[PDB]
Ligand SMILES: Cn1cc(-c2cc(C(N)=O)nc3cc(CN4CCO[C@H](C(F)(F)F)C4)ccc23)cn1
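Take a look at this one chain, the form deposited without the ligand, written out in structure tokens.
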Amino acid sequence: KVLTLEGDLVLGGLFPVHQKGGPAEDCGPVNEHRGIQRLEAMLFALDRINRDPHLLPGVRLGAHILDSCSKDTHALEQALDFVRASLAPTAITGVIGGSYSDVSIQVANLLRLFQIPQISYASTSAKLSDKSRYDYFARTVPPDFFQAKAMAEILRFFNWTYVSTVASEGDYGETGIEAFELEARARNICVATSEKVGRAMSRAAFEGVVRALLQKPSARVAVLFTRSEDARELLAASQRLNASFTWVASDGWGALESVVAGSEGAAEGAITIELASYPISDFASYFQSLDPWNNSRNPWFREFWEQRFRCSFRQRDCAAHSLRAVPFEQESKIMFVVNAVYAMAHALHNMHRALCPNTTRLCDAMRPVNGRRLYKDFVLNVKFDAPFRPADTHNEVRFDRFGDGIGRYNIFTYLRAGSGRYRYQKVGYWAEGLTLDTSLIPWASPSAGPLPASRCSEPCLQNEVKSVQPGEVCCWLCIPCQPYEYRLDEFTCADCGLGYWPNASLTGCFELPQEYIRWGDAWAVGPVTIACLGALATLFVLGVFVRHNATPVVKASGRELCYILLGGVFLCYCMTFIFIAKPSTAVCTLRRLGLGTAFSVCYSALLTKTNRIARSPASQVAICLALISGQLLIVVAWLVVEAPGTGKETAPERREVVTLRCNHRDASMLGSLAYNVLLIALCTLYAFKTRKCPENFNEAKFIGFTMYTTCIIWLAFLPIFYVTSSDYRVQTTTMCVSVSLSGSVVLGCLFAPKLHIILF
């Protein structure tokens, strides 16, 4: 059966009037909502256009509507009539049809070769957008990647990055998940589990997939892009397993009550989206006021009446029923059918205006209707107000550059009313951006967590480091680094140290020079006292040798020997002062030279005292100078053997032990000091053994006592230096006090009684 209407321009149509038949027949039962309602909507739209003075006042739009029987193979042989008419056939200017995606694809493939524009009303396939295969296909409904983007925006709005997408096994679901994954990874959204759901999957398989979803505790949100039956089975399995999830579903779920049928306990909190549309007031009145007696245009109306109302036309008993009494549920795609018909009519009107300006009717320039110009220049470039629009809504009908509709979806939530009833309530819309109100969602109210699916783990980027990957790319495990492990980059902690803590820089370990090289005033007071005592001793010696030449006692002894003894005391004081000074390479060399010279002059004084006791001043001076030269040679040999350095390292956590002492080991210096001390002790022992006591008795006794005290001090200060092995400050203080005691002994030795006698 063919629905044909007379008119100047014929518009093709294709509707799924009959359902799939199978092996028994090509097509069987008549569709009541997708086949009859949409066909009547198209007829109503054509009637309104023909009765519209402002839309084709002279040109009357005809109709050539066929039945696809919900099958693509039948659709091709049905659509092999428009091409025959183009080649009594009536030439058409374009078809307005195609509900199923496969039927629309086949019709677009067939009609592309013959330049016949096609405007679909219910085909949302994502593979119909490329113009490399469909040169004349347009649609009013938006494709599925728009709702995938809407779901991605919804996920980003609630800061849900750890999701778990669930797909389907048929042609619906694979492309949607493939398109959603790219937009999710472009919006920093992490997918945990991805699987496919089949129609043949039994209850055990659904239980297994629910268990697999539950295998991730941190993934409490699931992005469902499946069919209605698969969603219903999944909710049933989740209720059976007592699983809790925040489901974000596509138009497959929408606001249908069949999915939540018998599973109302687990569907709470689901954020489902649906294609936005409004009912048409005029279409309801037009359809309800239809009867088989006063409707002869529709050839399938009698079969629809027989199927919907249980009766037969053989017996006069079908006149009692009426569509007015029974409730009428408007199909959600009626809007799109009317919009497609009006878009085609407006494109035809615009092309007629641009091709037949003077005349108000069909002109000779439009006797052949070419699909190329009408599609490329007119069909795509339509911008008109939608017919039968609501009172204050602003729907607009237009096409993109792929010939697709404008993505406008409604966001629905499965609320739990206080009365106990479960209902769907709209909580926003998605035209170009998400517009959630967050006021009607039950779990959006301020509470202890609005189902936060943050991530696999809590990100750490304030002060810690996040570089541990347990197996997931975007799972961030943060472990605070050690205080000495200063943060230098995002994936490593530098081993520069703890004392070099960056000052809110975290770049290169900005060094902190806050180190205790030496005590400036906390402990230098004692060293200051030692230096003052040394200066006082030097001044006393300076006053001493002025009258030394006059004094016969000093004159009898070596005046040069007394002068070099005073110089050695001054050298000891200077060595103490330089030890008190801050350590450095030059400072370390100066201290080593000072201690070596002090030991050398002490040994020379002991040797010349022994020589004087045994027995000349020139020989003693030469001997002491040779000894000093040899000591200086060995000191400089040690200095060149082990070079001095600065920079000390210690334990972490701000030890502040840097620059404690020169980086050159003093084992050789200590050995040389011990050797010269032993030589001085041997000289003192020889002097004591010598029996020259009767002559120069007081001075000899003083020298012997001084030597004994120096030896005792050395033998008592060796164990403490050996045992301390640390505490550089205390070691320096001990060395300073030892050298001060040595200088005090030197000044109180035989030189002091001679000065006292001279004064008295």
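Don't overthink the numbering: it's just position in the shown sequence, from 1.
Missing here is the form solved in complex with the ligand; even so, the following discussion is about that form.
K.L.:
Counting non-hydrogen atoms within 4.5 angstroms of the ligand in the bound PDB entry, say which of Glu515, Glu464, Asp282, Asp666 makes the cut.
P.N.:
The residue in contact is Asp666.
K.L.:
Quick check on this chain: which one of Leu61, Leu43, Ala700, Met735 has a heavy atom within 4.5 Å of the ligand in the bound PDB entry?
P.N.:
The residue in contact is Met735.
K.L.:
Out of the stretches listed (390-398, 372-380, 646-654, 592-600), which one is close to the ligand in the bound PDB entry, meaning heavy atoms within 4.5 Å?
P.N.:
Looking at the partner contacts, the answer comes out as 592-600.
K.L.:
In the bound PDB entry, does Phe705 have a heavy atom within 4.5 Å of the ligand?
P.N.:
No - in the bound PDB entry, heavy atoms of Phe705 and the ligand never come within 4.5 Å of each other.
K.L.:
If you check in the bound PDB entry, is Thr710 within 4.5 Å of the ligand, heavy atoms only?
P.N.:
It does: once the ligand is placed as it appears in the bound PDB entry, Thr710 has a heavy atom within 4.5 Å of it.
K.L.:
If we define contact as a non-hydrogen atom of the residue within 4.5 angstroms of the partner, is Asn676 a contact of the ligand in the bound PDB entry?
P.N.:
Yes, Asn676 sits close enough to the ligand in the bound PDB entry that at least one of its heavy atoms falls within 4.5 Å.
K.L.:
Considering only heavy atoms, tell me if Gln330 and the ligand come within 4.5 Å of each other in the bound PDB entry.
P.N.:
The answer is no: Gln330 has no heavy atom within 4.5 Å of the ligand.
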